[PDB]
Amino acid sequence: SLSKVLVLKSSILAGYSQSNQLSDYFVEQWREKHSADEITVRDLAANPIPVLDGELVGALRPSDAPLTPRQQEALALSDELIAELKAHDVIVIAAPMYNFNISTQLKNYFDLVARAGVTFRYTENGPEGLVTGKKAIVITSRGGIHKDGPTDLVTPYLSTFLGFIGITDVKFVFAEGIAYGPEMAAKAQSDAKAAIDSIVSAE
């Protein structure tokens, strides 16, 4: 029952990142319960994905016409990212909330992963995700408290995007109130870790 785990980091705070610390904790725990499982880590901040502009979007378009140097690189990077995703069973996504949105580092990743005929396709029954049979875990950190409130659009958003490409089995792990100080940050760390333990012990 061994499997492959993919971990995506999108925080811009590096070593001070609350979500990266929780991600490391996740890896450590999974490694302990499953010493045979393969674990791949991609830090979207340390290894930044380019912004999707008017030129790169052309690489995502299935065409016959020649591609510019940037488009060729964007296409190669896109294929690499998608192949990586499809090659893993458990997808861990560290998604901090910045200005009520996900980090741009993660957004750039999504913009290169979503492409017709590869991660989703059109059918007479509507869109259909091609990245299937996956189990995702989102570790979303916030400075304030938004959980189950109208100011939390990151959660429903992540759920909508992941579902669109096929990833419908998504578990959320929250770490809020970080901005209130080290006391609250520690509490959030603890609560989030317990949530990770139950997930790691459940499978």
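Residue indices: 1-based, along the sequence shown. Throughout, rigid core stands for the largest set of C-alpha atoms superposing within 1.5 Å between the two forms.
Rigid core superposition in 6 other deposited structures of this protein puts the Cα atoms of one stretch, out of 147-155 and 174-182, farther from the shown form on average, and that stretch is 174-182. Larger average C-alpha displacement in 6 other deposited structures of this protein, relative to the shown form after a rigid core fit, is seen for 184-192 when comparing 7-15 with 184-192. Not even a third of the other compared entries skip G54; each one keeps it along with the residues on either side. Of the other compared PDB entries of this protein that include residues on both sides, all give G166 atoms, none of them, and so not a third, leaving it without. Looking at mean Cα B-factors across 174-182 and 61-69, the upper value is held by 61-69. Comparing 34-42 with 133-141, the higher mean C-alpha B-factor in the PDB entry belongs to 34-42. Across the residues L106, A116, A76, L112, the deposited record lists the maximum Cα B factor for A116. Ranked by Cα temperature factor within the chain, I196 sits in the middle third according to the deposited record. Per the deposited record, the Cα B-factor of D53 falls in the lowest third when ranked against the other modelled residues of its chain. Ranked by C-alpha B-factor against the other modelled residues of its chain, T155 falls in the lowest third.
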